[PDB]
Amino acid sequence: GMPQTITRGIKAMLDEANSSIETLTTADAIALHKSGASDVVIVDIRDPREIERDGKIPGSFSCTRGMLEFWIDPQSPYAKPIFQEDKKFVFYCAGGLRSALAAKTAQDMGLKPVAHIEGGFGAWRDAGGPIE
């Protein structure tokens, strides 16, 4: 049968996100973490099975990407108070792509300031960043 026709793909979504958000270099993110990450919340948006396999950034807060809006919005029944804090929110995933979309979503909602980690946890690990 005729296949599905995708007319808006990840390329378009990622371009829109990337040009609107801070992409924090892996090295800068690692340095930020080592400084104590004052007034920063590092948000791990990976599936828990990814986290179990590969580990995580120490002290990061887990919120899967698919739940993000529901935990950010204070008017959501599922609101998490951490997202109301007067801090910079740095999102990360495995390779940097989901987290660009997540940062853009959060920014679109009004969360400010936001960023994501270039190359994700994969790049973090490759650089020898802190891992739990």
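Heads up: residue numbers just count along the shown sequence, starting at 1.
Mean C-alpha B-factor is higher over 73-81 than over the other stretch, the pair under comparison being 73-81 and 44-52.
For the two regions 60-68 and 34-42, the entry's Cα B-factors average higher over 34-42. Remark: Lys87 belongs to the highest third of its chain, ranked by C-alpha B-factor as recorded. When the modelled residues of the chain are ordered by their C-alpha B factor, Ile10 lands in the middle third. Compared with the other modelled residues of the chain, the Cα B-factor recorded for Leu24 ranks in the middle third.
In this PDB entry, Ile117 carries a Cα temperature factor that places it within the middle third of its chain's modelled residues. Sort the chain's modelled residues by C-alpha temperature factor and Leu111 lands in the lowest third, per the entry.
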